[PDB]
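Structural features, examined
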Amino acid sequence: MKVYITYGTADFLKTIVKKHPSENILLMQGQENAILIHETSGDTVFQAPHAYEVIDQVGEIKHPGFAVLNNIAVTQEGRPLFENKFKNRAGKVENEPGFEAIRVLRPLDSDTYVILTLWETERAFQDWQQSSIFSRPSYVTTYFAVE
C-alpha cells in the first residue's frame, strides 16, 4: 500500500537495488535522471524518498519495459476532488494491449500526485496515447527499463 520513489544516476541507483534484493524495487531510465520505484506495505529503504500511499491499483509491478508518470500538482483543498476524479482511470487503460500496471499515488510529503502506468514497451504506451484544483501545470515523465 505504499510507494517510495527516488531519483538519481542509474549507476548509483543500482547500488540501492543490489542492497535490498527481497524488496520490489524497479529501476528505470528517464531524460533528467533515472528513477527507483519501491512498492511496499512497510518502510522506505531510501534516504529522502518521495513517499506515497497507493490509492488505486491494477496489475503487478514486475519487469515492465516502460514507465509513465503523470506528475499532477493539486491544491490542498483539491485533493478529495482529484482523488475522486482519478479513481476512474484504471478501468479504461487496463484493457490496452501491453498495459502492465497502474498506481494512483497520493503524495505524503508534497502536493504532487503521481499517476504511474507500466507498459510492456514504449510502443504499447504510444498506442494508448490516442486515448482550479491544479496549483501548477502537470507534466509527464517517461522511463525505460535498464539492463
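Residues numbered from 1 in each chain as written, not as in the entry; some residues may be left out. Heavy atoms only, no water.

The record lists X-ray crystallography as the method behind this PDB entry and 2.0000 Å as its resolution.

1. Focus on the sheet that holds strand 1 (residues 2–8)
As a reminder, the rule being used: By this definition, two strands are paired if DSSP reports at least two bridges between them. Numbering of helices and strands runs from the N terminus, with a helix taken as a DSSP run of H or I at least four residues long and a strand as a DSSP run of E at least two residues long. Throughout, an axis means a line fitted to C-alpha atoms (over the contacting stretch in the case of helices), and angles, computed between N-to-C directions, take values from 0 to 180 degrees. The criterion used for residue contact is that any of the two residues' heavy atoms lie within 4.5 Å.
Sheet architecture is closed into a barrel: eight strands sit in the order 1-3-2-8-5-7-6-4, paired in antiparallel fashion. Strand-to-strand twist of the sheet, defined as the mean angle between neighbouring strand axes without regard to direction, takes the value 35 degrees. Examined bridge by bridge, strand 1 and strand 3 (residues 34–40) share seven bridges and lie antiparallel to one another. Along strand 3, the bridge assignment pairs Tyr-4 with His-38. In the packing of helix 2 (residues 79–86) onto the sheet, the strands contacted are strand 4 (50–58), strand 5 (66–73), strand 6 (99–107) and strand 7 (112–119), and the crossing angle to strand 7 comes to about 15 degrees.

2. Some details on the pattern of salt bridges
Oppositely charged side chains may form a pair once their charged atoms are brought near each other. Note the cut-off: Each reported salt bridge corresponds to a side-chain nitrogen of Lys or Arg within 4 Å of a carboxyl oxygen of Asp or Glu. Throughout, exposure labels follow a simple rule: accessible area from a 1.4 Å probe, protein chains only, divided by the maximum for the residue type, with under 20% read as buried, over 50% as exposed, and the rest as partly exposed.
With the rule as written, the count across this model stands at four salt bridges. Close ionic contact of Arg-106 with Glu-53 constitutes a salt bridge, the shortest N to O distance being 2.4 Å. Placement of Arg-106 in strand 6 and of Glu-53 in strand 4 is noted, with a sequence separation of 53 residues between them. Residues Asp-111 and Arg-136 are paired through a salt bridge, measuring 2.7 Å at the closest nitrogen-oxygen approach. Under the relative-accessibility criterion, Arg-136 is labelled partly exposed at 43%.

3. Re helix 1 (residues 10–19)
How we decide: Taken from the helix axis, the directions to the C-beta atoms give the arc we talk about.
Three or more residues of helix 1 are buried, namely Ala-10, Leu-13 and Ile-16. The arc that holds every buried residue of helix 1, seen down its axis, measures 110 degrees, which confines them to one face. Pointing more than 90 degrees away from the buried face of helix 1 are the exposed residues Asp-11, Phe-12, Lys-18 and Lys-19. As for helix 1, its buried residues are in contact with strand 1, strand 2 (24–30) and strand 3.

4. Some details on the environment of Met-1
The topology assignment puts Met-1 in the segment before strand 1. With relative accessibility at 72%, the residue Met-1 sits in the exposed group. Remark: the alpha-carbon pair of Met-1 and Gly-42, spanning 41 residues in sequence, is separated by 8.3 Å.

5. Description of the nonpolar core
Short version of the rule: In plain words, nonpolar cores are sets of buried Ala, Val, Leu, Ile, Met, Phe, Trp, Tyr and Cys residues tied together by side-chain atoms within 4.5 Å.
The biggest cluster of nonpolar side chains holds 19 residues, and the ones touching the most others in it are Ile-72, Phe-82, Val-93, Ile-102, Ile-115, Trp-119 and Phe-125. Elements with a contribution of two residues or more to this core: strand 5, helix 2, helix 3 (90–93), strand 6, strand 7 and helix 4 (122–128). Counting residues in hydrophobic clusters, the runner-up holds 17 residues, among them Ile-61, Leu-69, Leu-105 and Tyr-143.

6. What about the pairing of strand 2?
Burial analysis of strand 2 places five of its seven residues in the buried class, the great majority of the element. As paired strands, strand 2 and strand 3 are joined by six bridges and run antiparallel to one another. Note on strand 3: the bridge partner recorded for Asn-24 is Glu-39. Relative to strand 8 (residues 139–145), strand 2 runs antiparallel, the two being bridged by three bridges. Its bridge partner lying in strand 8, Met-28 is registered against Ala-145.

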